[PDB]
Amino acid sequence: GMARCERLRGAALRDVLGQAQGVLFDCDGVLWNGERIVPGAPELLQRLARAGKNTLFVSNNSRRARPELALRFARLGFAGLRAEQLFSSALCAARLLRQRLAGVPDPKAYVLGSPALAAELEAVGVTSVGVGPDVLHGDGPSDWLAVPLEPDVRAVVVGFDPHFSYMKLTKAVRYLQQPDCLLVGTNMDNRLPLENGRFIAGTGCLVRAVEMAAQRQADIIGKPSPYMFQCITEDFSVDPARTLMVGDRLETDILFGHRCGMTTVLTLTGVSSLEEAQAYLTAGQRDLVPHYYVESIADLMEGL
């Protein structure tokens, strides 16, 4: 219940991991950093599998699709992995629209995002527009507002989009003038972590901008939004009480666990540090303190 931020070892470690029906893994900062993977991570999955434990993988990535993600696992030495275990914000975004755009014929979405995100939409029957560069044509507003749009658009989907422009912001706002139109954000992250400790602006910057202009609260898919779990529980029977959430980041992965009622395990490889976790415990922010923590997910094995 109350995260004591205890290091998960020996007696407690065998208990909690042992009792777990399944384990939920963030990918970046947990299983790997770039193409260089965390020691013993592949073996951990093998043993989790043989222990009879369901392992699922969750990612706020919105740039590259399920197929190319499964391959990434293979490239990095993770084998025997089914695509059905992979859940990205783009996938779950598509899943949301399909449910919302139920009895709507020829469902269309304006997409400020990647070709992958489009693919995930196209896999659920939702056609896409907006992917790619949209440079600003015209002298002033009257020109920008006269650009012909898609009449069948029933949703604005903001994912990660390096081609995000004021022009796209305008189109999205225009589309959203129809109240019935949906606004979806793949994730609210302010930063996208990069391989060697670098970063660039995160999708949440683009989402928040559209929200402000359109004066709307977007539906967010990715962690720490509980819908990520919703997306999972539709496919898998996941008793959160018997499932561990493992992540490197406190503001995404851990908060996700608490909101879903999962026992959370912070790994000290990746973004967050223990000092920060205790600082939250230390600061009274009851929802960002991990129940347990480990130096690396490799430490989890003796629990099996």
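Throughout, we count residues from 1 along the sequence that is shown.
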Given the B-factors recorded for C-alpha atoms, which segment has the greater mean, 152-160 or 97-105? 97-105
Segment of higher mean CA temperature factor, 78-86 or 116-124: 78-86
Ranked C-alpha temperature factor of residue 20 among modelled chain residues, by third: middle
Can you work out whether the C-alpha temperature factor of residue 165 puts it in the lowest, middle or highest third of the chain? lowest
Tertile call for residue 264 (CA temperature factor, within chain, third-based) is the middle
So where's residue 225 on the chain's Cα temperature factor ranking, which third? lowest
Using only modelled residues of the chain, where does the Cα B factor of residue 199 rank: lowest third, middle third or highest third? lowest
